[PDB]
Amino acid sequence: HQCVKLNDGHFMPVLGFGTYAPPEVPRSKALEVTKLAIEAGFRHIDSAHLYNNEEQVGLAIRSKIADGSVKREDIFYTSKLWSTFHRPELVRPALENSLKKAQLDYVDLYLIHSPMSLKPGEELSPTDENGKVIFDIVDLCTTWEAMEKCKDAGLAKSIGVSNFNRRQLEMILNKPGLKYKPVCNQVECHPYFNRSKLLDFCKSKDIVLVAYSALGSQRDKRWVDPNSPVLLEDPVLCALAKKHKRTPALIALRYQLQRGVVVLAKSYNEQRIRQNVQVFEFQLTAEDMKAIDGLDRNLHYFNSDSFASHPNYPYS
């Protein structure tokens, strides 16, 4: 039930529910499982305009609020500005549109989803006559300024970023007249890509690293190489799981918590959802932690093939 204090004074629960499902998963499932996650103890819910599920996620919270299970102030709710909305004048309207879909007065946290700005307009993934995604050039410091206006108007209690590397964080950090540092940076983080260098950097700046694909990602065929290793079949995680008689997933989650990383976990399965809350019931030894440290293989599960050429692609 622990939270971590953010550098603007707000608190964030260290365990979060990921809500993204691919589009073939029907939208009514996001409503169901967000309800199950709250019943199970999740209070930190991660969504995004890209996910096409914020209305369902908002309806889940409203329902659990109306049945007396939680109050609005107990729920930590996250959304993200998609990359077609980086131009500063589009940021407050994008946030306001998310608030209307979810039917909430504020978000607990608003993020820049990705630093790879994209052609503004209505399509989430605008593409040219030759199938290429269409980039756009935007000064992210102006985007950030508009983010800061959103906190001031109280529509976002906290603001942060996602998928930034060190050079992009410093750019916000070294901004003349910077009012609010980012509270966090949400990045792909798991034993095969542990981001120890970035984590050390964010720790020195009082910026929380938040892990996604902490369980090795959904291995979606649009993005993930089928030949890539399966995180949860890893013999060291499996050996550790038997020792504590937990599960591999639970080893992977506990690893992030003990190194001070806030960890997300997606599951659309009732039983696995309730299992993940058990991450608070045990602890790994310092030597288990070193063993997991040695799995790092610089492996990004997400294959960028029209994105590697983006000037702001963060694995450059």
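Only the largest set of C-alpha atoms that superpose within 1.5 Å between the two forms is called the rigid core. All residue numbers refer to positions in the sequence shown, first residue = 1.
Once the rigid core is used to overlay the structures in 8 other deposited structures of this protein, the stretch among 220-228 and 145-153 whose CA atoms lie farther from this form is 220-228.
Remark: stretch with higher mean C-alpha B factor among 46-54 and 274-282 is 274-282. Looking at mean Cα B-factors across 125-133 and 151-159, the upper value is held by 125-133. Between the residues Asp105, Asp108, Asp220, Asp139, the entry's highest C-alpha temperature factor is the one at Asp139.
Comparing the listed residues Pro115, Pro235, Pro88, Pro191, the entry records the largest Cα B-factor for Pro235. Per the deposited record, the Cα B-factor of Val33 falls in the lowest third when ranked against the other modelled residues of its chain. The entry lists a Cα temperature factor for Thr84 that places it in the highest third of the chain's modelled residues. Looking at the C-alpha B-factors along this chain, the one for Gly260 belongs to the middle third.
Annotation for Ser267: C-alpha temperature factor in the lowest third relative to the rest of the modelled chain, per the entry. In the PDB entry, a CA B factor belonging to the lowest third of its chain's modelled residues is recorded for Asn165.
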